[PDB]
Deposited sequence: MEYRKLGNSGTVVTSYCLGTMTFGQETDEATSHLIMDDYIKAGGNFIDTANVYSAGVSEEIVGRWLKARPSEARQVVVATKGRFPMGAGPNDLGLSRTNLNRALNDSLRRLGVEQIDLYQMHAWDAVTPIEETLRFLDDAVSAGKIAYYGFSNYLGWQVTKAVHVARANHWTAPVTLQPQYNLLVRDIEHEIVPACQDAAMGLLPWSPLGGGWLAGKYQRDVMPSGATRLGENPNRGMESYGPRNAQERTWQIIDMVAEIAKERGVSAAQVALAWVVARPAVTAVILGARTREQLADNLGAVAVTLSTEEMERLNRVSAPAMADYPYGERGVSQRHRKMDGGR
């Protein structure tokens, strides 16, 4: 399935993460995971400059040289060195940060440029003005955010609208059956601005895929190096598993098919480290959960909150009954 990312550019329902392409996966296995992804019919690569110190981008860049169209996304904001202006949404750092993602990807235009995180030190106006100048220059097509809060998305959107700049297209949050707190302020804020979600960590870092042996709950390997903030967790993993094998499919596969069908979601980022793991994740394309499986999964992962701003009672009093 093809969707837009709040713009005219369409993109396939699954996105290829490339975090692994320097740390764990080597460049040859990276090229073949990408070759598989394409051959499965994807057109969406997500990378970052800080992924393996930009090696991640260079492998993607070399693979684009070998292959002769794909929608490419990358990010800024995080430390590329240990200096004080080697991080930040300042236009000084972002200016070289975009030039270096450009030379490392060997493209002349990045399709999606993303702020990897909010930056309280840079005024948002400076950042958005830098991104609009980049759009005018043909260095980037669109921009979006990752790890912005709700009110922060809302302030950016309207500040862009106030200065006749382009609108943000996407938000890249962490979102899976275990990590659903973006539904209180961040999702409402994107839906209000017609924006699309790009969820990453859809297997919750492994907790949802099984592959363990009824593990210990504070095991730091699968997640965070703490193993339970939201990674009850065991009930969710269990429900996912039951639905998994009655449908004759992997537990990973119905968790993936759960994220792809949630409101506002344009494309899920896949963290395949292997060719086989890519095949195991892309099996979820065939799975389409029924309205019931999903409303099941929804309520068992429903993030309960202290009553006032984001739990039952505050929600209920913000609601307006039509009657």
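Judged by missing C-alpha atoms, the gaps in the deposited chain sequence fall at residues 1-2, 71-74, 230, 239-248, 341-343, listed in sequence order.
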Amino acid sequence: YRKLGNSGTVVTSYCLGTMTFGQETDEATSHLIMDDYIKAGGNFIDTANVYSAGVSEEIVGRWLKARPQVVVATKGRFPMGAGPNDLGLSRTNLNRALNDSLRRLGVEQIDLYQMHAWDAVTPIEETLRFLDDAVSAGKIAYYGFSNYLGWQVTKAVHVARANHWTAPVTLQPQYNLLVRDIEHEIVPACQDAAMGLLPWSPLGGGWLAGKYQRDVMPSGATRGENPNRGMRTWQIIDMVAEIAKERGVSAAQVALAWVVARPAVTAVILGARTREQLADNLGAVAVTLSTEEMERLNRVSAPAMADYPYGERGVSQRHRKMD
From here on, numbers count along this sequence of modelled residues.
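Averaged over their C-alpha atoms, the temperature factors of 157-165 and 89-97 are higher for 89-97.
Mean CA temperature factor is higher for 78-86 when stretches 120-128 and 78-86 are set side by side in the entry. Of the candidates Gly150, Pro173, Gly210, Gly196, it is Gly210 whose Cα B-factor is highest according to the PDB record. The PDB entry assigns the greatest CA B-factor among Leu16, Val10, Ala304, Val315 to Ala304. In the deposited entry, the Cα temperature factor of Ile140 places it in the lowest third of its chain's modelled residues. In the PDB entry, a CA B factor belonging to the lowest third of its chain's modelled residues is recorded for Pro263. Ranked by C-alpha B-factor against the other modelled residues of its chain, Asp111 falls in the lowest third.
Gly206: CA B factor lies in the middle third for its chain, per the PDB record. Per the PDB record, residue ranking by Cα B-factor puts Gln191 in the lowest third of the chain.
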